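Below is one structure, written out as structure tokens; comments come after it.
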Amino acid sequence: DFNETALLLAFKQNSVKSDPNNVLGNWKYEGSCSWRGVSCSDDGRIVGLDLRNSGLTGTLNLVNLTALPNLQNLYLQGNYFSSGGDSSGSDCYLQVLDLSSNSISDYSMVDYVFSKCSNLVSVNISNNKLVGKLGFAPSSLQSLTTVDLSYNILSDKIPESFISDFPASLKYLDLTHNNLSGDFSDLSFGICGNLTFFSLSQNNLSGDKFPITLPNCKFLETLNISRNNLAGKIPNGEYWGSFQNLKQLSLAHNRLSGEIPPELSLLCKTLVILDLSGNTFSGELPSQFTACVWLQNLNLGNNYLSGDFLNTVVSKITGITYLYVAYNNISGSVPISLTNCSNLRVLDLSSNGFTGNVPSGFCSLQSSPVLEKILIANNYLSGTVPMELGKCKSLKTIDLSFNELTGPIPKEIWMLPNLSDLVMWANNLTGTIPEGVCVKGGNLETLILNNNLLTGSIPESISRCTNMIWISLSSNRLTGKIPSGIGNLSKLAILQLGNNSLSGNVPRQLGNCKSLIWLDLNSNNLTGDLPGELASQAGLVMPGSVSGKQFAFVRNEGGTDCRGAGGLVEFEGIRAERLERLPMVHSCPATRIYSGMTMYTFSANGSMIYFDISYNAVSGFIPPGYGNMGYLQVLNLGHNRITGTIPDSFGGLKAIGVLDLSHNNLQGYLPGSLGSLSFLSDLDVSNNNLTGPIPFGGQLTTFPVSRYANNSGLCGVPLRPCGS
Ligand SMILES: *[C@@H]1O[C@H](CO)[C@@H](O[C@@H]2O[C@H](CO)[C@@H](O[C@@H]3O[C@H](CO[C@H]4O[C@H](CO)[C@@H](O)[C@H](O[C@H]5O[C@H](CO)[C@@H](O)[C@H](O)[C@@H]5O[C@H]5O[C@H](CO)[C@@H](O)[C@H](O)[C@@H]5O)[C@@H]4O)[C@@H](O)[C@H](O)[C@@H]3O)[C@H](O)[C@H]2NC(C)=O)[C@H](O)[C@H]1NC(C)=O
Ligand SMILES: CC(C)[C@H](C)[C@@H](O)[C@H](O)[C@@H](C)[C@H]1CC[C@H]2[C@@H]3COC(=O)[C@H]4C[C@H](O)[C@H](O)C[C@]4(C)[C@H]3CC[C@]12C
Ligand SMILES: *[C@@H]1O[C@H](CO)[C@@H](O[C@@H]2O[C@H](CO)[C@@H](O)[C@H](O)[C@H]2NC(C)=O)[C@H](O)[C@H]1NC(C)=O
Ligand SMILES: *[C@@H]1O[C@H](CO)[C@@H](O[C@@H]2O[C@H](CO)[C@@H](O)[C@H](O)[C@H]2NC(C)=O)[C@H](O)[C@H]1NC(C)=O
Ligand SMILES: *[C@@H]1O[C@H](CO)[C@@H](O[C@@H]2O[C@H](CO)[C@@H](O)[C@H](O)[C@H]2NC(C)=O)[C@H](O)[C@H]1NC(C)=O
Ligand SMILES: *[C@@H]1O[C@H](CO)[C@@H](O)[C@H](O)[C@H]1NC(C)=O
Ligand SMILES: *[C@@H]1O[C@H](CO)[C@@H](O)[C@H](O)[C@H]1NC(C)=O
């Protein structure tokens, strides 16, 4: 062990606790320049060490490597290194340093880098565990272009002079996703001659005012302060006047208020991306923004904006690709001028005050239709769905949910070749679902039509919808049998057919749907027996692609009148307040409304979560296999003709919160096994032929007497004791 070689051997024996891949297997005494990751300069001294993405675990002490006299390049990123260089130490020759994507927590290490390493061009410490507060700036490092401290735990405030004390050479500074706090207005930027990238996004910065010296950075290309606590208004006057190159601006998701200042339009000579989303802004996008000819992506969503600016302003920017205006106060008709934007890929008008017709001109001169998504949900739109929409061959998503729409759905929409999501719920739509579905048009992921006037049958053709994830037809006029072909949909997760006229028997082929976690058949005309095959995926179910979708679930204190009211709905682009215009809301006031992204309740080997067949004519016995569903939280079989006994197997319903067997023909004893269900919070066994002792264990003695009423001689607490 001699000199540099000794140093590296020290690292392998000391810094590295495990090398499962044997990447260091050739670091072995007797010349170190042939070692894996080691690169040498002509003197034969190590000029670099590249261990990236090697699966190494250990305690990094940076000074232990940087003692290497000639080392200019160090890549340890994408490993398990923790702790870090810390200490203080020898001379540092580093030019490039990448420590990202490790476990490093010791800010002392960054202090060492900012102090000693005077030839440093770039430092990436991002995606680590660094805790503590920012120290002195690296004023002595005069080649330093690039510093990425993002995705750490850094806290307290950015020191007032921190940024102004950086060397003149600084191009890129990223503080994104830390714990930083304090007044944004207290930062000084100094001369700021080279800085083209600055991001504070996802922190705790606050205050009433923008920093006076930020406008010093005349060359800033992207300025991102999004997802902070900034309050007050967007600075007007000359504040934006000196930015020469500003391309990406994001003020999004802050507390900012007032109108959007006309002076902001000074940025229009450059701006290609503007995100003002998620603030309190009112008024209009100023007319000066017609100069915004290079603007590609405009996000004004989630404010109080109103007026005609989409017409007078945004119509005029011919190259706009993405337009997000949802959750605002805009009224009037959707401007038809909007259809002059021939590069528009996404148009989100959801949750505004729009009246009048859906735009019929969206792909005219073609050349050729580029539009992917049109979202107008939760407005006041009237008339029908224009057949012209059938012209945009590129449509991936149409969302017209919760408008005043009427008439049938033109065949042309069902023949859109790329259609993925057709989401039209809470309208007055009529007609039928065509036999050509998913054959003569796109192979759909979701079809959400609940709470319309649709009639006829679910077409046997729905079986070719093999991409299908989520089907909601509830509360329509549908008749006929549930087609056995639905069993061909191996990704189907949620099927809601409730409150229709469906009849015949539930096809046993439903049990062949490998992904089904949610089945609501309630309030139909169904007869026949509960197929045993409905439980055949129990234990096998894998969490699928229905995750990550906006939903709402409306809970009510009812009750028998309240069935069919509330429950689970697709929530994209809709405000909770519009939910109160759903049917039966007077009888069934929402007691609680859950909302969010959909997430599965199991990592793997799951079952059905939710099964409601109540209010049908179903007969036969309960299949004992149903008791094998370990993740089932709702089983509602009430108001049917079901006979036989309650299966002892129901003891394996370990997740069940709601079990409604009421108003059937059940007989025999309640299974003592029911006492072992620890989450059972709602049990209704009433109006059957049941007899004998009410199990004494678990929750059974905690229920109101009404849950046991009208049976054949049940006894024991809460009823009269069995030893009468
Ligand atoms: C300023 O800095 C932030 C990072 O802190 C950058 O924001 C990130 O943008 C990326 C790229 O677009 C997003 O990743 C994509 O996310 C989508 C799904 O995203 C949804 O879910 C996440 C999770 O909660 C959410 O954060 C996203 O939020 C965006 O969209 C809102 C509008 O709906 C908007 O109000 C919000 O500001 C944010 O805006 C960005 O996206 C919209 C695109 O719709 C764009 O208009 C705008 O300019 C911003 O880019 C959203 O609800 C996945 O499908 C993708 O595959 C991909 O993962 C990040 O989610 C996003 N925000 C974060 C991380 O907080 C900005 O781009 C940056 N601006 C500039 C110019 O540098
Ligand atoms: C897996 C998805 C389909 C779903 C949207 C998912 O994201 C979501 O977390 C589901 C599981 C939740 C959201 C609301 C939940 C219900 C909340 O409201 C209901 O009143 C309760 C009553 C009672 O507490 C029961 O335990 C079940 C039950 C009825 C819950 C069962 C599971 C949910 C249905
Ligand atoms: C600093 O390194 C991080 C890597 O951890 C870089 O972030 C990655 O960038 C790539 C390519 O842009 C993304 O696709 C990766 O997903 C990112 N990974 C993570 C975990 O975010 C970052 O690019 C580097 N910073 C600089 C300035 O180069
Ligand atoms: C941006 O950084 C560069 C360094 O890359 C700075 O350039 C130095 O500027 C001085 C003064 O003009 C020159 O004498 C040096 O020769 C430059 N160094 C190099 C390596 O070119 C530049 O000043 C910085 N920008 C500003 C405006 O501060
Ligand atoms: C077909 O299905 C519906 C839904 O289950 C049945 O009826 C409803 O009947 C109950 C009891 O009378 C009422 O409380 C609901 O309000 C009714 N809803 C509607 C929209 O009608 C209906 O009886 C069945 N029809 C046949 C052929 O018997
Ligand atoms: C904008 O719409 C919201 C509905 O979410 C409403 O409360 C508000 O009054 C409207 N305009 C205002 C006053 O900001
Ligand atoms: C159930 O369906 C009938 C007929 O479609 C309708 O009048 C009613 O609004 C629906 N009820 C609920 C709770 O959605």
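Taking the entry's author numbering, I'd label the letters of the sequence shown as residues 31 to 60, 64 to 757.
Here a beta-carbon is modelled for each residue, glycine too, at the ideal position from N, C-alpha and C.
Check your understanding: When burial is assigned at 16 or more other CB atoms within 10 Å of the CB, is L309 buried or exposed?
Key -> One-based indexing of the sequence shown puts residue 309 at position 276. Burial call: buried.
Check your understanding: In chain order, which continuous runs of the alpha helix (DSSP H) of length 4 or greater are located wholly inside the stretch 544-613?
Key -> none
Check your understanding: If you drop the 5 nearest sequence neighbours on each side, which residues of the same chain put their C-beta closer than 7 Å to that of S517?
Key -> Taking the first residue of the sequence shown as 1, we reach residue 517 at position 484. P540, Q542, listed in sequence order.
**Study point:** Residue from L220, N485, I727, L699 whose Cα sits closest to the Cα of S706
**Key:** On the sequence shown, residue 706 is found 673 positions in, with the first residue counted as 1. Comparing Cα-Cα distances from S706 to each of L220, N485, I727, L699, the minimum goes to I727.
Review point. For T246, which three-state DSSP category applies?
Key: Walking along the sequence shown from the start, residue 246 turns up at place 213. In the displayed model, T246 falls within coil according to three-state DSSP, outside both helix and strand.
Point to revise | Cβ pair count under 8 Å reaching 3, the stretch 198-208 against the stretch 171-184 | key: The stretch 198-208 is in contact with the stretch 171-184.
Check your understanding: Cβ of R608 versus every heavy atom of ligand 6: is any distance shorter than 7 Å?
Key -> For the purposes of this step, residue 608 is identified with residue 575 of the sequence shown, where counting begins at 1. Yes; taking the cut-off as 7 Å, the Cβ of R608 has a heavy atom of ligand 6 nearer than that.
Review point. Starting from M142 and walking both ways along the alpha helix (DSSP H), at which residues does that stretch end?
Key: For the purposes of this step, residue 142 is taken as residue 109 along the sequence shown, with counting starting at 1. Its alpha helix (DSSP H) spans residues 140-149.
**Study point:** Reduced DSSP secondary structure (H/G/I, E/B, other) of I519
**Key:** One-based indexing of the sequence shown puts residue 519 at position 486. Residue state for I519 is assigned as helix, using DSSP reduced to three classes.
Point to revise | For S239: DSSP bridge partner residues | key: By 1-based counting over the sequence shown, the position of residue 239 is 206. Its beta-bridge partners are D216.
Check your understanding: Where does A170 sit, in a helix, a strand or coil, going by DSSP?
Key -> The sequence position of residue 170 within the sequence shown is 137, counting from 1. Coil, per DSSP.
Point to revise | Distance, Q235 Cα to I191 Cα | key: Working through the sequence shown from its first residue, we reach residue 191 at position 158. Working through the sequence shown from its first residue, we reach residue 235 at position 202. Approximately 14 Å between the Cα atoms of the pair.
Exercise for review: Kindly indicate the opening and closing residues of the alpha helix (DSSP H) around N638.
Suggested key: As a position in the sequence shown, residue 638 is number 605, starting the count at 1. First-last for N638: undefined, no H or E at that position.
Practice item. Would you list the residues sitting across from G440 in a DSSP beta bridge? Key: Counting from 1 along the sequence shown, the entry for residue 440 is found at position 407. Answer is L462.
Practice item. Please find out if some non-hydrogen atom of ligand 6 comes closer than 7 Å to the beta-carbon of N532. Key: In the sequence shown, counting from the first residue as 1, residue 532 sits at position 499. Checking the 7 Å criterion, the Cβ of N532 is out of range of every heavy atom belonging to ligand 6.
Check your understanding: Within 7 Å: the Cβ of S548 and any heavy atom of ligand 2?
Key -> What you label residue 548 is simply residue 515 of the sequence shown in a count that begins at 1. Outside the cutoff, so no.
Exercise for review: Measure the alpha-carbon distance for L38 versus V53 and round it to whole angstroms.
Suggested key: As a position in the sequence shown, residue 38 is number 8, starting the count at 1. As a position in the sequence shown, residue 53 is number 23, starting the count at 1. Rounded to whole angstroms, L38 to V53 spans 13 Å at the Cα level.
Review point. At what residues does the beta strand (DSSP E) containing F387 begin and finish?
Key: Residue mapping note: residue 387 aligns to position 354 of the sequence shown, counting from 1. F387 -> beta strand (DSSP E) spans 386-388.
**Study point:** One or two residues paired with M630 in a DSSP bridge
**Key:** Working through the sequence shown from its first residue, we reach residue 630 at position 597. Answer is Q583.
Check your understanding: Name the DSSP beta bridge partners of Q529, please?
Key -> Taking the first residue of the sequence shown as 1, we reach residue 529 at position 496. Listed as beta-bridge partners of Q529 by DSSP are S505, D553.
Review point. Distance, Cα to Cα, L89 vs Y113?
Key: Here residue 89 refers to the residue found at position 56 when the sequence shown is read from its first residue. Here residue 113 refers to the residue found at position 80 when the sequence shown is read from its first residue. Just so you know, the alpha carbons of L89 and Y113 end up roughly 6 Å apart.
Point to revise | Inter-residue CB distance, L408 and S427 (contact presumed, cutoff 8 Å) | key: Taking the first residue of the sequence shown as 1, we reach residue 408 at position 375. Taking the first residue of the sequence shown as 1, we reach residue 427 at position 394. Between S427 and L408 the Cβ distance is about 15 Å, and since that is not below 8 Å, they are no contact.
**Study point:** Contact test: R596 Cβ vs ligand 2 heavy atom, cutoff 7 Å
**Key:** The residue labelled residue 596 in the question sits at position 563 within the sequence shown. Incorrect: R596 has no Cβ contact closer than 7 Å to ligand 2.
**Study point:** Rounded C-alpha distance that separates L338 from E317
**Key:** Locating residue 338 in the sequence shown gives position 305, where the first residue counts as 1. Locating residue 317 in the sequence shown gives position 284, where the first residue counts as 1. Between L338 and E317, the C-alpha separation is close to 6 Å.
Check your understanding: Got a sec? Which residues, its chain only, sit under 7 Å from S393 by beta carbon, not counting five neighbours each side?
Key -> Counted from its first residue, the sequence shown places residue 393 at position 360. Cβ within range, chain order: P419, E421.
Exercise for review: Under 8 Å by Cβ, that's how I've got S640 and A571 pegged, so tell me the actual separation to the nearest angstrom.
Suggested key: As a first step, residue 640 is located in the sequence shown; it is residue number 607 there, counting from the start. As a first step, residue 571 is located in the sequence shown; it is residue number 538 there, counting from the start. So it is a contact: roughly 4 Å between Cβ atoms.
Exercise for review: Spatial neighbours of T634 within its chain, please: CB distance less than 7 Å, with the 5 preceding and 5 following residues excluded, ordered by chain position.
Suggested key: Translated into the one-based positions of the sequence shown, residue 634 becomes position 601. If we look at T634 and ignore the five residues flanking it on each side, its Cβ neighbours are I642, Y664.
Check your understanding: Hey, out of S283, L398, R378, whose CA is closest to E405's CA?
Key -> Numbered from 1 along the sequence shown, position 372 holds the residue referred to as residue 405. Distances from the alpha-carbon of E405 to those of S283, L398, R378 put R378 closest.
Review point. Which residue from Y108, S283, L104, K444 puts its Cα closest to that of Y126?
Key: The residue labelled residue 126 in the question sits at position 93 within the sequence shown. Cα-wise, what sits closest to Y126 is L104.
Exercise for review: Determine the direct distance from the alpha carbon of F231 to that of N278, and round the result to whole angstroms.
Suggested key: Working through the sequence shown from its first residue, we reach residue 278 at position 245. Working through the sequence shown from its first residue, we reach residue 231 at position 198. One C-alpha to the other measures close to 13 Å.
Point to revise | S507 CB to nearest heavy atom of ligand 5 below 7 Å | key: If you number the sequence shown from 1, residue 507 lands on position 474. Because no heavy atom of ligand 5 lies under 7 Å away, the Cβ of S507 does not count as near it: no.
Exercise for review: Starting from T430, follow the beta strand (DSSP E) in both directions and report where the run begins and ends.
Suggested key: One-based indexing of the sequence shown puts residue 430 at position 397. That run of the beta strand (DSSP E) goes 430-432.
Check your understanding: Does the distance from the CB of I306 to the CB of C325 come in under 8 Å?
Key -> Stepping through the sequence shown from its first residue, residue 306 is reached at position 273. Stepping through the sequence shown from its first residue, residue 325 is reached at position 292. No. Outside cutoff.
**Study point:** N436 beta carbon near ligand 5 (any heavy atom closer than 7 Å)
**Key:** On the sequence shown, residue 436 is found 403 positions in, with the first residue counted as 1. No; taking the cut-off as 7 Å, the Cβ of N436 has no heavy atom of ligand 5 nearer than that.
Check your understanding: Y413: beta carbon under 7 Å from a heavy atom of ligand 6?
Key -> Start at 1 with the first residue of the sequence shown, and residue 413 comes out as number 380. Relative to ligand 6, even the nearest heavy atom lies 7 Å or more away from the CB of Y413.
Practice item. Measuring alpha carbon to alpha carbon, tell me which of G606, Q529, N56 ends up nearest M630. Key: On the sequence shown, residue 630 is found 597 positions in, with the first residue counted as 1. Looking only at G606, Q529, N56, the smallest Cα-Cα distance to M630 is reached by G606.
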